[PDB]
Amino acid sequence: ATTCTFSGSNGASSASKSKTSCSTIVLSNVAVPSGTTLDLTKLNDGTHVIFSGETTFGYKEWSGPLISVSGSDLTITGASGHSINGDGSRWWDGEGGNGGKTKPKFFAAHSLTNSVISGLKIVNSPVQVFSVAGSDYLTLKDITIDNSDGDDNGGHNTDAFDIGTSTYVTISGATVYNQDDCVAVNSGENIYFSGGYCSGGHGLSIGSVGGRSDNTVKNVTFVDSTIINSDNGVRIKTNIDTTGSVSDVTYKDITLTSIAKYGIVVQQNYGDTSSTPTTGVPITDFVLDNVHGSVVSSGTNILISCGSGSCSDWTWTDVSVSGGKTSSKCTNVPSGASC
């Protein structure tokens, strides 16, 4: 059993070259050089990684990731008082991932099996924070993401959790202040989100689904969570002219507070809302249970833009969204639901 401590301005290099001799790696006030990844890929099974002090990154216009981890039976945690500081205002230019500077993604959680990431505190990511991909039985718990400075400083596309090609991922106790989706499930199965607080972004989203070889979303649950001061609350987006499926999606015991645009929005014409919704990505067995909240007077309570026949078997129990306009543009609403 070995414990390895890496720190300072050359910590990232040493960690990379010695990671496989370390049972435990502690990362203390590591300053990652510009244009380079903190490469924690391919750790030995059972390795424990502890973030300590303040982790920082040199400035460069590149696409990331800033941190990358992969392997099995890993524990990665944060020590008391630590933070991982992206100092994103260096890149923030109002354009996020769409244009302006090239901005690096923060945390590649790829090819993780049976691992836990707990207690990390991330501050001011340049753009998206967690990219979860190709991972199985991953728990992300008590993660704090504070991009609140981005609200008035050009923060854009600062998604907290982007999930794809993953199964059995559990997210609990997340606290997010950001400017895009709190969660986006692009594809994946058996996803559980609970005890979350999402402020400032675009809601808890399924989507966008379709147009990739990975286009199935199944068995996802959002429960006991608050979405506040966000553009949308509950959201399902499927890409127009694409095929896939979304099934067994549940939102339960959700509080929506001061939603700006849409309390609940389901769009089967995502990508081109001037066109009629298409029917290639059926949304079935969608359940809302005890979902309550308020939309500002200028927003819309509920928008359902379904394709003909491509939305069915919805159950909406104890749902109440008020404060906003009732939409008159809803299409092909299933029997259990309403705008």
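Throughout, we count residues from 1 along the sequence that is shown.
When 112-120 is weighed against 94-102, 94-102 comes out higher, by mean CA B-factor as recorded in the entry.
For the two regions 83-91 and 148-156, the entry's Cα B-factors average higher over 148-156. Across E189, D73, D253, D248, the entry's maximum B-factor at the CA atom is seen for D73.
Considering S298, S34, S68, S305 together, the PDB entry gives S298 the largest C-alpha B factor. Annotation for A12: C-alpha temperature factor in the highest third relative to the rest of the modelled chain, per the entry. Sort the modelled residues of the chain by CA B factor and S28 lands in the highest third. The entry lists a Cα temperature factor for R235 that places it in the lowest third of the chain's modelled residues. Split the chain's modelled residues into thirds by C-alpha temperature factor. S310 is in the highest one.
Compared with the other modelled residues of the chain, the Cα B-factor recorded for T3 ranks in the middle third.
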